[PDB]
């Protein structure tokens, strides 16, 4: 009589790699690299804003495409490829820094700055910013002389941040297409805009000239911004070519921003996003997108790394 010790086996095992060997067969194995993508932005549990045609920076200045987002609030902010920050052509200085500031802002809360003017027009408008007609940026005022070619009075406007978090202040410098336009809008002569606070000091002179036509216009606007500390004051000294702020922005709390080309799904829950959707996985690695953001499995170049979960397979 005899008794034999042995172990189990299967007819077709799974090949894995070890320190000493490639493709050793084991009874069972499991995948560690995630390849399955959900081609939607899973936003269950998160206050989500799909900016669509609104560019993120536009939420501060307020072109028409951003009218519904002037005081948005979000945990997840989605930028789209068709979003535009502008209506009258122009661009922001240090734009990507401001975009990164706004992606984690949780949204913005606007507050009137209280500027009043006398001796000038404040209703500068363009048909590039259309709201049932010629309009302008909703949070700005295009200051002009009272009449064509009249002199623009030298002005000083100050705003004090009385709140407990820094205030986002944006202004613009307008570069007309020609000297005749700058004269017609602000009067002839040298133009200067100085902006100052306790940790900020800068100066701007307009540079008229023709630029390629964007939205029908060859002028440009340079948008500048600063963060105003609590109890600090920002002072604008200008005599023309100045796009004034009407309201300041304050950051609401915390959020994260992504850039996507796929729809939002409020019925799946995820924490790792890329432009192509959401990575929902318990696996520690992913081979989907090296630029994924959020709480993500680590991106690796391998498409598959099998972990042995059973003994070596020795069939019959």
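In this text, rigid core is short for the largest set of C-alphas that superpose within 1.5 Å between two forms. Numbering follows the first chain given and starts at 1.
- The stretch that moves more in 4 other deposited structures of this protein, judged by CA deviation after a rigid core superposition and choosing between 214-222 and 232-240, is 214-222.
- Between stretches 160-168 and 192-200, greater average Cα displacement in 4 other deposited structures of this protein relative to the shown form, fitted by the core, falls on 192-200.
- Set 232-240 against 216-224 and average the Cα temperature factors; 232-240 ends up higher.
- Higher mean CA temperature factor between 44-52 and 284-292: 44-52, per the PDB entry.
- If you compare the C-alpha temperature factors of 90, 153, 208, 245 in the entry, 153 comes out highest.
- The PDB entry assigns its highest CA temperature factor, among 65, 255, 37, 260, to 37.
- Among the modelled residues of the chain, residue 187 sits in the middle third by CA temperature factor in this PDB entry.
- The PDB entry assigns residue 84 a C-alpha temperature factor belonging to the lowest third of its chain's modelled residues.
- For residue 32, the recorded CA B-factor ranks within the lowest third of the chain. Only modelled residues enter the ranking.
- Per the PDB record, residue ranking by Cα B-factor puts residue 195 in the highest third of the chain.
- Among the modelled residues of its chain, residue 59 has a C-alpha B-factor that falls in the lowest third according to the deposited record.
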